[PDB]
Amino acid sequence: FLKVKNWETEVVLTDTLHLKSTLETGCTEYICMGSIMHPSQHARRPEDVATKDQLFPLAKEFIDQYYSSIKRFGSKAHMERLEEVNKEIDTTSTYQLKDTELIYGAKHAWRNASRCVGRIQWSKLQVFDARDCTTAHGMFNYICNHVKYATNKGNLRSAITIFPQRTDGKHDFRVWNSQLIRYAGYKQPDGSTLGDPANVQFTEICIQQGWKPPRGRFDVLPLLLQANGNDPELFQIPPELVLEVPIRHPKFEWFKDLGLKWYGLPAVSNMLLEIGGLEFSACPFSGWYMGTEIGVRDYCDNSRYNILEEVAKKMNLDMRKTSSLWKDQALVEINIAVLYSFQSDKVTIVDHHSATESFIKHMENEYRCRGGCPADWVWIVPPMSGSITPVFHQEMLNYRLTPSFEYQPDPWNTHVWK
Amino acid sequence: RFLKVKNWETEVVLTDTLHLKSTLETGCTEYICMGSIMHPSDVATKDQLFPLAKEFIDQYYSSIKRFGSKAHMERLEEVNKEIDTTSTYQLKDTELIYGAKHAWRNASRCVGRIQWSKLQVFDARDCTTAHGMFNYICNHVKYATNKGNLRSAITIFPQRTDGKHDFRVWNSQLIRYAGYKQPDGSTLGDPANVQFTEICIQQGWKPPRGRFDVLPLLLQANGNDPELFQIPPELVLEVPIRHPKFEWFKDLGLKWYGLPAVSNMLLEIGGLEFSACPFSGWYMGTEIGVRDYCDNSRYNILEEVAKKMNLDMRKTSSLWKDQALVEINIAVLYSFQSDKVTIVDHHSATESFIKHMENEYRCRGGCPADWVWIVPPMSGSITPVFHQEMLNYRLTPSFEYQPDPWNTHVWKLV
Ligand code: HEM
Ligand code: HEM
Ligand SMILES: C[C@H](O)[C@H](O)[C@H]1CNc2nc(N)[nH]c(=O)c2N1
Ligand SMILES: C[C@H](O)[C@H](O)[C@H]1CNc2nc(N)[nH]c(=O)c2N1
Ligand SMILES: Cc1cc(N)nc(CCCCN(C)C)c1
Ligand SMILES: Cc1cc(N)nc(CCCCN(C)C)c1
Ligand SMILES: [Zn+2]
């Protein structure tokens with residue numbers, strides 16, 4: 001067993017769940033890689049279509065886990081399911097998840113996501129089964145329905161849409177966008193950047209694929225959808241599906257005149273969902289924002305919107321030296337405005353104080369019922385005001401459980417066009 | 001083998017080979033990361049001490065471009081003689097200085113390491129009594145405080161022998177404020193120091209019972225019972241805290257001391273253990289303004305400041321805590337700068353650490369760094385270290401945690 005202590009409350013939790021971890025963290029007894037973005041390349045099956053002795057053990061492990069979860073280990077259905085998966089692999093080199101296994105797998109991938117502060121909600125995930133999809137047009141239909149369901153007029157609901165699994169790696173379904181809704185970024189003639197600098201490369205691909213850019217600071221990017229390994233196709237999300245919040249400040253009347261807004265729905269679409277050896281390379285999932293994701297990182301990273309400049313100017317702060325803390329002061333105001341604006345418009349949002357408090361409660365629940373909760377301190381602690389949130393003083397153990405969400409290469413690095 | 005770290009702001013990529021020289025354990029395994037654990041976990045035998053000493057001596061003669069020299073080989077034989085005959089050995093003055101500076105250079109949790117090569121080392125290995133320790137510590141405080149122009153320093157007392165004759169400073173820092181738990185459950189002074197304050201009172205200290213009572217030194221020499229000493233008040237530089245815009249901030253009656261001086265850690269050099277080695281630098285503002293003042297378990301002044309700012313404290317999403325936190329840290333920095341007492345803000349400190357880290361990769365092949373500790377406790381992502389990948393590993397000479405002495409000391413009075 002391993003213990004974790006909270007240094008504010010002195011609560012000690014005892015971890016045994018880590019004994020079920022399967023993948024390497026990247027660390028060793030001599031080096032810790034906890035701050036590395038992608039510490040490990042340890043995967044569960046090789047880089048493409050596995051042989052039977054590579055895939056079946058991963059399948060059996062997950063089927064065993066699912067049937068244990070419902071108190072039916074060794075039951076009739078469990079043993080038939082194993083025989084069924086065996087035959088499927090014998091005749092197709094893969095197998096197909098039942099609807100129940102798919103739902104279980106998706107929820108537990110979220111439950112196992114050690115970087116996610118939002119996991120107290122993990123069992124409240126709506127799962128849309130899109131495994132019958134065959135074209136990029138059908139992918140667009142599924143994504144539109146997902147966006148409409150999840151947005152729900154501002155009462156946001158967590159959802160995931162799961163497209164057909166990888167087969168031989170030449171027929172991948174992929175959403176090329178990193179999120180379903182993101183703003184364009186444009187390389188300016190003088191050298192600067194208009195819009196979101198994170199998306200300049202993706203923006204140029206879209207233009208390179210025929211997208212006519214309106215060239216503004218908040219241009220919603222088109223969807224770039226790839227189905228069955230074919231070349232990707234551009235689609236415009238209907239604007240009535242894209243809920244946006246104008247950013248205003250409860251005290252500063254001039255804040256409105258900054259002309260800022262942001263979208264309500266955070267929807268990650270470039271990760272990979274791994275269940276029992278199966279790789280779902282297109283599995284867009286969405287929830288609701290923690291305010292700091294917009295106000296600290298989107299607006300105030302140097303390589304992003306970088307608006308600390310303007311806000312501090314309008315505030316008449318002394319930007320002559322760092323020790324006036326003008327950056328910190330403007331940072332707080334911007335995050336006040338983001339929360340005030342979303343709350344005013346009745347769009348679901350959580351502040352980092354509430355979110356981190358929820359996560360401590362979630363940790364305690366998971367230790368009580370599951371014997372552990374894998375958690376990545378570097379990612380869980382908010383990017384501002386860390387030490388005045390309870391997670392700062394909370395020791396955490398990070399380990400990798402399956403099913404899981406994984407990073408995957410950007411498809412433009414790997415796709416050979418037609 | 002090589003390991004790469006990337007900065008996701010700048011895209012700079014650095015190549016770590018120094019990790020191959022790492023020694024003891026991180027706490028992590030191949031399947032669990034313990035990077036957010038506070039401390040993941042009698043005296044060395046002859047056969048244990050030999051290889052540790054050789055590795056250090058090898059390192060030292062390599063750093064002075066004398067590896068394999070006649071002087072290198074004779075030092076090794078000399079060290080081997082001592083261990084063989086006395087079960088320990090004694091460092092040369094040059095080796096002690098090198099070792100102390102490299103323990104700082106190797107401190108993966110320290111953001112202030114750009115200054116590592118400018119450390120004043122005070123050799124106190126001839127000290128035999130607690131009175132002598134007091135004298136050494138007073139001289140250290142005076143030299144390091146330097147009328148506000150602070151200078152980094154370390155004082156090194158005699159090493160462990162059999163573990164029954166340890167030298168120890170029982171204070172966690174040389175200068176700290178007392179904390180007194182009241183019968184009604186409230187705290188006067190610094191809640192972090194309530195327990196140590198109790199021990200001092202038990203030993204005979206007469207407490208003023210104020211909010212900023214400098215604690216007395218509790219000094220243990222040669223394994224004897226520790227003894228109390230009052231630091232001369234003229235040696236304790238303090239800064240009253242005021243705010244450049246809120247004139248009411250001074251009415252809070254806050255102050256802090258200028259000299260941060262850790263006194264409860266262990267310095268390991270070549271297998272030798274220096275259990276009493278107080279070292280001092282200058283503050284980063286957030287150490288006082290964020291943690292010392294605004295930790296729930298410390299002075300916890302967010303509420304009063306927020307009240308005087310007329311903030312809406314009914315809902316967390318008004319971010320009144322965040323707003324007060326910034327204002328307190330503005331006051332800390334403005335106050336020290338006005339009194340011309342050395343301090344560094346977290347933006348300046350993290351920028352310099354990135355410069356340091358890059359230079360260490362270029363000239364040394366790496367820089368062990370603990371991201372969890374390096375990133376400041378506020379405004380994390382608007383500092384450059386937040387976006388900087390880091391590798392953590394343990395190089396020696398090193399500073400280490402050690403048990404609190406009141407948990408292991410065997411008393412002898414009455
Ligand atoms: C319901 C409200 C949710 C909140 C408030 C939330 C919050 C967050 C935050 C703040 C991060 C840090 C990532 C960053 O800052 O860039 C994160 C990471 C993550 N979240 Fe959640 N999340 C939520 C829902 C979900 C859902 C529904 C899923 C999956 C079904 C999920 C899976 C993940 C994953 C995999 C990561 C890691 C991303 C990476 O490594 O890049 N989250 N979450
Ligand atoms: C010169 C100015 C210095 C600055 C601005 C500085 C800054 C810091 C900061 C902010 C921390 C984090 C600790 C915390 O937040 O509680 C730290 C840790 C540390 N510093 Fe430095 N430091 C300085 C000088 C030194 C010196 C002179 C030494 C040793 C000779 C040293 C050794 C350490 C060690 C060992 C730690 C780790 C302490 C622990 O693990 O609890 N520092 N430093
Ligand atoms: C549990 C957690 O590791 C602990 O609160 C750490 C986090 N990071 C820190 N970072 C610094 N500089 N100082 C600290 O005391 C801590 N505390
Ligand atoms: C290098 C460092 O690990 C990297 O910048 C991480 C730090 N912690 C983070 N935490 C969150 N939530 N999101 C991030 O993108 C990052 N970035
Ligand atoms: C579903 C969800 C909700 C939320 N509030 N945040 C996230 C993380 C977004 C960043 C993920 N990384 C790939 C960049 C996801
Ligand atoms: C020499 C020095 C200077 C400075 N500015 N900070 C420190 C860290 C003290 C923290 C110790 N921890 C156990 C809490 C040391
Ligand atoms: Zn680790």
Side-chain angles (χ1 to χ4, degrees), chain A residues 2 4-5 7-8 18 21-37 291 296-297 300-303 308 322-325 327-329 331-333 335-336 339-340 343 349 351 353-354 375-378 381-388 392 394-400, chain B residues 3 5-6 8-9 19 22-23 25-38 285 290-291 294-297 302 316-319 321-323 325-327 329-330 333-334 337 345 347-348 351 369-372 375-382 386-394:
Chain A
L2 304 167
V4 286
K5 176 170 164 180
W7 288 87
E8 266 196 318
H18 72 272
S21 105
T22 16
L23 290 311
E24 296 180 350
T25 58
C27 308
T28 73
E29 58 184 357
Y30 290 82
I31 187 158
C32 169
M33 287 182 58
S35 72
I36 306 289
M37 179 73 65
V296 188
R297 304 300 310 283
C300 294
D301 268 3
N302 294 324
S303 50
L308 280 177
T322 53
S323 54
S324 74
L325 304 202
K327 291 208 187 180
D328 312 73
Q329 212 158 15
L331 177 65
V332 175
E333 296 301 341
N335 276 275
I336 290 186
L339 296 163
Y340 173 72
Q343 291 171 352
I349 192 161
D351 66 73
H353 303 289
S354 291
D376 187 337
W377 195 98
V378 168
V381 176
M384 70 183 265
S385 312
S387 72
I388 57 159
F392 182 91
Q394 177 71 58
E395 293 181 346
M396 295 169 187
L397 295 171
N398 193 19
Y399 42 96
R400 298 176 74 193
Chain B
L3 290 172
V5 287
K6 166 185 202 184
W8 295 77
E9 259 206 300
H19 69 279
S22 64
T23 59
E25 122 244 56
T26 56
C28 309
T29 75
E30 268 143 38
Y31 293 97
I32 305 94
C33 178
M34 312 226 310
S36 65
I37 308 305
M38 179 66 73
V290 187
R291 310 299 312 285
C294 301
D295 272 4
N296 280 331
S297 311
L302 280 179
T316 61
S317 63
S318 80
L319 304 192
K321 278 179 175 170
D322 319 66
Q323 236 171 355
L325 181 64
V326 176
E327 297 293 1
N329 279 278
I330 291 175
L333 290 163
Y334 166 77
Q337 293 169 176
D345 68 83
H347 303 286
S348 185
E351 182 187 6
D370 188 338
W371 191 103
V372 165
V375 175
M378 72 189 257
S379 292
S381 72
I382 59 170
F386 181 94
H387 310 269
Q388 176 66 60
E389 291 184 346
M390 297 171 187
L391 292 171
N392 198 19
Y393 44 93
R394 174 184 183 265

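Chain naming here is simple, since letters A, B, ... match the order of the sequence lines and numbering starts at 1 in each. Hydrogens, waters and symmetry mates play no part in the numbers below; they use all other heavy atoms, side chains included.
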Part of A:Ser324 within contact of chain B (heavy atom distance under 4.5 Å): backbone
Contacting region of A:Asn398 [heavy-atom separation from chain B under 4.5 Å]: both
Chain B contacts, top residue of A:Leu308, A:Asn335, A:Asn302 (heavy-atom pairs, under 4.5 Å): A:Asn302
Part of A:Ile36 lying under 4.5 Å from any heavy atom of chain B: both
Non-hydrogen atoms of B:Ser317 and A:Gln343 that approach each other most closely: OG-NE2, 3.1 Å
Closest approach of A:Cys32 to B:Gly35 (non-hydrogen atoms, all atoms of both residues): SG-CA, 4.2 Å
Selection from A:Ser21, A:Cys27, A:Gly291 maximising heavy-atom pairs under 4.5 Å formed with chain B: A:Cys27
Where B:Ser36 and A:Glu395 come nearest, the two heavy atoms and their spacing: O-CG, 3.5 Å
Under 3.5 Å donor-acceptor, B:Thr26 side chain and A:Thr28 backbone: yes
Considering all heavy atoms, the nearest A:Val296-B:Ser381 contact: CG1-OG, 3.0 Å
Shortest non-hydrogen contact from A:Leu325 toward B:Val326: CD1-O, 4.1 Å
Which atoms of A:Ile31 approach chain B - backbone, side chain, both or neither, heavy atom under 4.5 Å: both
Engaged part of A:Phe392 at the chain B interface, taking heavy atoms whose separation is under 4.5 Å: side chain
Leading residue by heavy atom contact count with chain B [cutoff under 4.5 Å; candidates A:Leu23, A:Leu2, A:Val4]: A:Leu23
Minimum-distance pair of heavy atoms, taken over all atoms of B:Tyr393 and A:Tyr30: CB-O, 3.2 Å
